[PDB]
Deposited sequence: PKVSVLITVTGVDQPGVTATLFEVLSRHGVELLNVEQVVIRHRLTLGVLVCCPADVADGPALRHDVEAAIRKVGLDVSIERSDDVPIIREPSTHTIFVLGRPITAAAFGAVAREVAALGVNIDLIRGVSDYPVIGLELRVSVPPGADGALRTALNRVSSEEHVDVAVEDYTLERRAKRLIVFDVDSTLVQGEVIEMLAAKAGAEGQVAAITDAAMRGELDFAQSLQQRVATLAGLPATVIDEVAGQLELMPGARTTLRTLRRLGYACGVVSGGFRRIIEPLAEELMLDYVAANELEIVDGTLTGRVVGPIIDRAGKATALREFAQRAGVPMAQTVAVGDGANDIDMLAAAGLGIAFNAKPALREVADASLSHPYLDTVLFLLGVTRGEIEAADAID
């Protein structure tokens, strides 16, 4: 070992190619510095960086042995002196997830154009899902300070091309997320509990205000007071009744189950009501619940809540509390929500994900998901559909 030689094998994949090459190289004084190999749609690329004697690399024997062995079976090979060549590639700085149903060629084309415009190099592309949504990952190297400009460009691409596009730090630290909190209403659970409760009072219509609150049109606490007031006079029995009518968001069970496989701490933070949520959190085996509480007198709702009120600032406060108890730094926390009520929590989390969200949240969130499948969150956390299905089939 004294001088560096690069060997690159390409062509139609065949069994035994890898073994054959290193067996040939063993007849020469070769030590390995780096090997990279992949097969994509039956196309092989095998790049081998070696050190060998100056004696060996400055002779045609190494070349003839390698070229004869590789060409005979029908692949191409190149061999060249190195010495100035990088031994091992740098890690990517960021990763980009593109989700759609469909993902048009125009959409992906726009992503690639914006990326190229900002001097961002594409290091790798791969599929992460074929169901319930098409999912594609690009690992990239962003020029320093440009990731702000990148997220903006891709958010514009996202709205224009009807796909979800999320840019994430791909560093060792910032991608070992370990704690997640979900908003309940219209995130973990379908629809709005308070609307289901108001329907029992014949007030579903008025409780308008929920859409007003979630878009950020008014103060959460005052909207909460007006809405819960519509429940005044209802028997407390309604609580259990509504609890039993709750449907999980499509993909919710898969989401939680997979997060448990990964060792996540899981919790919920809601402006809804503890008596309806605790029943479900115990079933879903969650680690943390923060919620509001209905006032009850003589087995009847009074139409008020018992303070403290979990408001916008309160949701972030609960996240902080949870993370502190669990020993997880905020940078390694994830929060998932849909309403303006969730703005502070998502902003506080390491990764704030807007799920089918009002515009107010979509605009401050780290990432947005627009398809009615909560398990698309998993793709943003570095999981592939194949990995989910593999682990699920083993139980």
Regions left out of the model, expressed as runs of the deposited sequence counted from 1: 208
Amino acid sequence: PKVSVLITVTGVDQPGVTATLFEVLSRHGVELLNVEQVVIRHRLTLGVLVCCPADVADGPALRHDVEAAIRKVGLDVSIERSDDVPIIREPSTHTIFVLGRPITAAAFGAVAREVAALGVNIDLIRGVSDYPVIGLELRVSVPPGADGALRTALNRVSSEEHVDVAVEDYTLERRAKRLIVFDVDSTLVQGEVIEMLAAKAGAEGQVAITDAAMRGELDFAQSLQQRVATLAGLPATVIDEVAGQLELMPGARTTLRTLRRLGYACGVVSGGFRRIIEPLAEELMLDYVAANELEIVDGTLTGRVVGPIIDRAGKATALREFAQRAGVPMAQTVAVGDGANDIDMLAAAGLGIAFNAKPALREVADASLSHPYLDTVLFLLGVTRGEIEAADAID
From here on, numbers count along this sequence of modelled residues.
Entry-level comparison of average CA B-factors, 315 to 323 and 79 to 87, reporting the higher stretch: 79 to 87
Which of 251 to 259 and 229 to 237 has higher mean CA B factor, as the PDB entry lists it: 229 to 237
Which of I134, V189, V111, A149 ranks first by CA B-factor in the deposited coordinates: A149
Candidate residues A360, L46, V66, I353, the one whose C-alpha B factor the record puts highest: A360
CA B-factor ranking of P329, expressed as a third of its chain: highest
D219 - Cα temperature factor, lowest/middle/highest third of chain: highest
Relative C-alpha B-factor of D342, binned into the chain's lowest, middle or highest third: middle
Third of the chain, ranked by Cα B-factor, where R27 sits: highest
Third of chain Cα B-factors occupied by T93: lowest
